[PDB]
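Only one chain is shown below, in structure tokens, and it's the form deposited in one PDB entry.
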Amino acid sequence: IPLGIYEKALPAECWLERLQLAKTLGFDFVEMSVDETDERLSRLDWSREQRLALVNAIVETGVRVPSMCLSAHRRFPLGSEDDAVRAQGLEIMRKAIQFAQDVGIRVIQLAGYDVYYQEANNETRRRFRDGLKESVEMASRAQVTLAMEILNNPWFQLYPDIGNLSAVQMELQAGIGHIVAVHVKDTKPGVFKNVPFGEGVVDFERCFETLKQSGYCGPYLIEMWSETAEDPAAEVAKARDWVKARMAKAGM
């Protein structure tokens, strides 16, 4: 069972340092964030050497970066009326896909896409669907996997968030042949951010039970925002042990 930690759980350090920290904490991989910030968005403009320095850190530590949480389209939505920030959103998608090719990222997760779609008006939906078709085509060319929360294309899959879905078991069972990764976090209804583990509504054992019984063999990524906290590492180690205890209870 591959177990990963979200970038934003760890102190904001070059990639070699983040990965060395993830290793000492017993994580198999780190998931990268590419969000609205300039710090993280500018990774898409990294030089070839910067990209290769990350590869080297990955290979030196044995700690993978197999996934990217791409939330940059919060700032530049694919369904925008503004018929130039839409171009910027497609450009970010193209650069994210190329970044993934360069550094060997497996899955790009399209964060917030279902909520954006749910809440958008009908014109914005049509523009979004066009942009998504075009994104999926770029992914097919690059052979890079795009994934979304719960087209007919092998490069378009699902990345459920057991936290977000709880805020469930039939959803995991139905999507099973399309699940490429699983986000692990606790939530409250309408609250999706740093709800400490056990303080929310997610039945972690039953989710892990359903995934094991359904034959899911993919990775699990612990999603938290402890970069901000007192001591991130201690908070991460505590969450890690807690999640693994739930996994043990579920027979993993």
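Shifts are known only where both forms have a C-alpha. For clarity, a rigid core is taken as the largest C-alpha set superposing within 1.5 Å between two forms. Counting begins at 1, following the sequence as shown.
The same protein also has a form deposited in another entry, omitted here; what follows describes it.
Fit the rigid core and compare the CA positions between the shown form and the other one: of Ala174, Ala142, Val115, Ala87, just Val115 moves by 2 angstroms or more.
Look at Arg106 and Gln118: in the other entry their Cα atoms move 3 Å or more farther apart than in this form. Relative to this form, in the other entry the C-alpha atoms of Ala87 and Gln118 approach one another by 3 angstroms or more. Comparing the forms between the shown form and the other one on their core, residues 111-120 form the single run of at least three in a row where every Cα shifts 2 Å or more.
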